[PDB]
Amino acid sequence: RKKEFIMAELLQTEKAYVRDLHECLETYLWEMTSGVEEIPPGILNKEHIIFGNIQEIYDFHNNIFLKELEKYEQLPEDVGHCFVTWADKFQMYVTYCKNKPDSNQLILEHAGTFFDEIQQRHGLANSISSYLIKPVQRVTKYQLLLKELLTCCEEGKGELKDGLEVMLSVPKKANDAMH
């Protein structure tokens, strides 16, 4: 029962995370790239500083990682293996975290109400800032979920220990990469 609630949350929160990044890319990013709206000289052609590699993180989750987590739905005790298989893809969270400070100042110093206007226009409860923290939040949440499964899975749970190792190793490497 507990291993089933945790797996269900893992999957449901993975879907919301893909939906959230998608929302971010097709509103806040799409306005900057469109050429449908007037763009503060301050941020112009600096979408790569603002959004960092979030495109590639979305692609990972949306192309691969949600499809693979789904396959482990009836195999919660094994799901640590999903993280092992895809450990390299998670290295993009290191790039993303390094860049986030630069992203945030740029938006303060140079974007005025550009994104606030798009937020109002599109009807979004989440600010561009609320969206841009999510990759940081998500990469530090996987280790919580894996620990929860470790509290309620048998000695058949080195198909968790090595998952958790990976998902402790990524956020520390991302942490240790900050200036």
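All residue numbers are counted from 1 along the displayed sequence.
- Per the PDB record, of the two stretches 113-121 and 140-148, 113-121 carries the greater mean B-factor over its C-alpha atoms.
- Of the two stretches examined, 100-108 and 69-77, the record assigns the greater average C-alpha temperature factor to 100-108.
- Taking the PDB entry at face value, the top CA B factor among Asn126, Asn53, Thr27, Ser34 belongs to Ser34.
- Remark: of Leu132, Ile57, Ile64, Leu44, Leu44 shows the highest value [criterion: C-alpha B-factor in the PDB entry].
- In this PDB entry, the Cα temperature factor of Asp20 sits in the bottom third of its chain's modelled residues, the lowest group.
- When all modelled residues of the chain are sorted by CA temperature factor, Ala174 is found within the middle third.
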